[PDB]
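Values reported hereafter were calculated over all heavy atoms of this structure, with side chains retained and with hydrogens, waters and symmetry mates removed. Residue numbers start from 1 in every chain, and the chains themselves are labelled A, B, ... in the order their sequence lines are given, proteins ahead of strands.
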There are 2 protein chains.
Amino acid sequence: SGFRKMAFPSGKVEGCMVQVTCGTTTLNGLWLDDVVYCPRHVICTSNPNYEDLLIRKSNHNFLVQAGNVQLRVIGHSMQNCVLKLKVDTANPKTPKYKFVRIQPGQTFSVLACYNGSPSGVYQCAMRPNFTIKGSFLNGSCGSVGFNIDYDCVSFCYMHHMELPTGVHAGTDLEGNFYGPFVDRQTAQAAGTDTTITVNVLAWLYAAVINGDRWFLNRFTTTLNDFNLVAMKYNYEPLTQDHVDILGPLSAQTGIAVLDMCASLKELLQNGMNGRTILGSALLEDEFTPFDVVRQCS
Amino acid sequence: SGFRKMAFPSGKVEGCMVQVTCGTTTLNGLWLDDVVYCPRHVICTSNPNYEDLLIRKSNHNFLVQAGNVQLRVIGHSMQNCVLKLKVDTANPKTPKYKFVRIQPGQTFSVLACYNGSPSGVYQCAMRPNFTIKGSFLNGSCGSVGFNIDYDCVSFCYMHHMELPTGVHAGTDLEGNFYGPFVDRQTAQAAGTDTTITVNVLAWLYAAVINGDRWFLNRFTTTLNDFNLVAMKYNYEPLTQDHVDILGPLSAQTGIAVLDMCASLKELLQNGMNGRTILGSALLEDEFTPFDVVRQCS
Ligand SMILES: Cc1cc(CN(CCC2CCCCC2)C(=O)NC2CC2)no1
Ligand SMILES: Cc1cc(CN(CCC2CCCCC2)C(=O)NC2CC2)no1
């Protein structure tokens, strides 16, 4: 029993983290085979044209360090908002990996790093507004996000920056931003966010599997009538695909999805009346159906 | 910015996890140098005298597997509630390590494992009643808890079992239980718990560092007057050592500890009035002062 925000074991990613320095800027890179991937921000100096900044660089300007071992840069290129530094040494710790872009509402593990040294690991969801609610300080740029499936690391996030509300923005490993953001100082701000309805329902199923039942009721609702309440409370609409994805959790608990939707309607309209669900006094939306199945009985 | 429940990177511990099987019981062991540490439960079969059960075993009865590599057991001994299996091979991935026992109110990272394969990583506090609120299923026995300081792994917890309230119990790596528990099925239950006051104050300092200030007030309280309110709300007493430990966070924020105690008194007496602190609608007590400093600006 028990239900925790649980990260993937980080070892396969730790073996890939390196330090990249250009002039007086140090940040993190990801060393896979003979390439180091890092944010192109590393080449900026006190609205940059990055194509011009990169043409002015030489391989020898990039100081790449894997622990105590300097990696010699033998080529450099720009891919969107990331740099590809070709090095003289293939990483012998390269795991099986893929570069995948994730959807809003999906979760991943963040390996927070500084100076190429991993600091901590935690779970993040990609918000509907394409930000993440992480924990990052100066020097964290180039920290990565990932999921692991059968020892294959699916890298989905490279950290770039903090927005003014204290939420975080970054790119896929192809260097394409999540969301309407750019890798420079502008007045850019997080768009309005919404609650990830399918994830709240997954977490209510986790709560039932773990013996929290107080919020259940004999009532069912329609999908249309549920979606009217969702809109009112700034919840995402629930689709039949969402209902289908919640199939296994519904089967395991014997609680129909639209019966659980009647519970969530009552929680939105009434609150909890001083009660808690899985240790929370709020409705939690950063667990996917897969996160619940991965972890729960 | 941001404040997350953050685990230590788990790689140094992943390289130590192995599978131990005796008869039809499989669980996890910890391989350091030429010894595998595991719960003595592995030798039980359908009130066991473990000294008798162990005298009846041979080295060849223990099947130890490190990934795909069988480790030959060349000696066995019992230390309290753990077994020490001497193997023919020193673990080449053994980190610098210590076996430390932790105090109630301290935190650690759990590497949840199954069949010797790491599954997930998350933070736990040792509760005042010597339980942890983890996430463990059958097969998790022998999963370990640890802190990392400058690449030295301080192992503090080996998982044994779930209690009837769905909280978890285990031992230090010397095999001594945390709390008044035993490694067999009895009617044993978690004792009454309390809230870790010094950790709630640390987390309110984290909240101020991260820009949540709504709960601050111009008032100060005495330590005695604070401790009268603490007792009423089932909070641990606050000691002058606690006030001293909160020194650095007080200095960083310019908020005196007894001024923050006046804020916590108001939160206990009045609640939050529908507001949140660091994304929580409850007072969080599973961050130590060190966890806040480790992570925050
Ligand atoms: C807080 C906080 C910091 C960070 C990451 N940053 C900021 C980098 C951005 C600055 C604005 C323009 C785009 C890149 C760094 O690690 N910066 C160090 C390497 C130089 N994230 O949250
Ligand atoms: C839920 C849950 C399970 C567990 C861990 N257990 C239970 C072991 C205890 C059983 C009672 C007596 C003392 C040992 C196991 O992993 N058991 C598998 C290896 C056989 N923790 O939470």
Side-chain angles (χ1 to χ4, degrees), chain A residues 9 11-12 14-15 92-93 151, chain B residues 10-45 48 50-101 109-119 121 136 138-146 148 151-161 170-177 183:
Chain A
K12 288 178 169 65
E14 292 169 51
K93 302 189 169 183
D151 293 324
Chain B
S10 53
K12 288 178 169 65
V13 179
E14 292 169 51
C16 296
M17 301 309 303
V18 303
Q19 191 175 233
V20 182
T21 305
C22 270
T24 58
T25 303
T26 298
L27 51 55
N28 307 286
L30 184 70
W31 180 27
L32 300 167
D33 302 314
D34 63 344
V35 178
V36 173
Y37 303 79
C38 70
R40 68 179 177 172
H41 183 66
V42 73
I43 72 171
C44 287
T45 59
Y50 284 99
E51 191 166 353
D52 283 341
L53 297 180
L54 193 55
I55 195 58
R56 298 169 187 153
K57 302 284 285 194
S58 307
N59 295 326
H60 76 263
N61 292 324
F62 296 98
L63 175 58
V64 182
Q65 303 173 252
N68 303 133
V69 171
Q70 181 180 359
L71 308 185
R72 195 173 74 100
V73 173
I74 62 168
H76 59 274
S77 66
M78 190 161 52
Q79 179 171 317
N80 303 306
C81 297
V82 298
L83 302 182
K84 293 160 129 286
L85 308 174
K86 192 184 187 204
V87 290
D88 65 359
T89 308
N91 184 358
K93 302 189 169 183
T94 306
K96 192 163 186 297
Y97 75 91
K98 301 201 227 70
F99 289 173
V100 310
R101 185 181 178 93
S109 298
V110 169
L111 184 65
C113 302
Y114 297 89
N115 300 113
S117 190
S119 184
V121 67
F136 292 113
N138 283 341
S140 61
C141 192
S143 295
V144 297
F146 60 99
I148 306 183
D151 293 324
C152 181
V153 181
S154 287
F155 293 105
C156 57
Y157 181 79
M158 180 160 277
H159 183 52
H160 287 68
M161 68 201 190
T171 62
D172 66 26
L173 269 295
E174 310 296 359
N176 301 298
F177 263 87
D183 55 339

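Atom OG1 of residue B/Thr94 and atom CG of residue B/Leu30 lie 9.0 Å apart, to the nearest 0.5 angstrom. The distance from atom OG1 of B/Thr171 to atom CG of B/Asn80, rounded to the nearest 0.5 Å, is 8.5 Å. The SG atom of B/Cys16 sits 9.0 Å away from the OH atom of B/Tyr97 when rounded to the nearest 0.5 Å. Between the SG atom of B/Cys38 and the NZ atom of B/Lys84 there is a distance of 11.5 Å, given to the nearest 0.5 Å. From B/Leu111, atom CG reaches atom OG of B/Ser10 across 5.0 Å, with rounding to the nearest 0.5 Å. Rounding to the nearest 0.5 Å places CG of B/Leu83 at 5.5 Å from CZ of B/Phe62.
For B/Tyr37, there are no side chain to side chain donor-acceptor pair (under 3.5 Å) partners at least two apart in sequence or on another chain. Among residues two or more places apart in sequence or in another chain, the side-chain contact (heavy atoms from CB on, under 4.5 Å) test is passed with B/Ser119 by B/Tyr114.
Within the 4.5 Å cutoff, no side-chain heavy atoms of B/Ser143 are placed close to those of B/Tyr157. Taking 4.5 Å as the limit, some side-chain heavy atom of B/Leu27 sits within range of a side-chain heavy atom of B/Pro39. A heavy-atom distance below 4.5 Å is found between the side chains of B/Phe155 and B/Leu32. Residues A/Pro9 and B/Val121 are not in side-chain contact: their nearest non-hydrogen atoms beyond the backbone lie 4.5 Å or more apart.
Sorted by first and then second residue, the side-chain hydrogen bond (donor to acceptor under 3.5 Å, both in side chains) pairs involving residues 51-61 of chain B (not counting sequence neighbours) are B/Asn59-B/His76.
For the residue pair B/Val20 and B/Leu85, the shortest heavy atom distance occurs at CG1-CD1, 3.9 Å. Of all heavy-atom pairs between B/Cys113 and B/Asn28, the closest is O-ND2, 3.2 Å. Considering all non-hydrogen atoms of both residues, B/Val82 and B/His160 come closest at CG1-CE1, 4.4 Å. Residues B/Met17 and B/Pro118 come closest through the heavy atom pair CG-CG, 4.2 Å. The minimum heavy-atom distance between B/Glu174 and B/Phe99, with the atom names listed, is OE2-CB, 3.7 Å. Closest non-hydrogen pair, B/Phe177 versus B/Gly170, comes out as CD2-O, 3.2 Å.
Judged purely by atom type and a 3.5 angstrom limit, B/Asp33 has no side-chain atom pairing as donor or acceptor with the backbone of B/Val35. At distances below 3.5 Å, at least one donor-acceptor pair connects side-chain atoms of B/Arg101 with backbone N or O atoms of B/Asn176.
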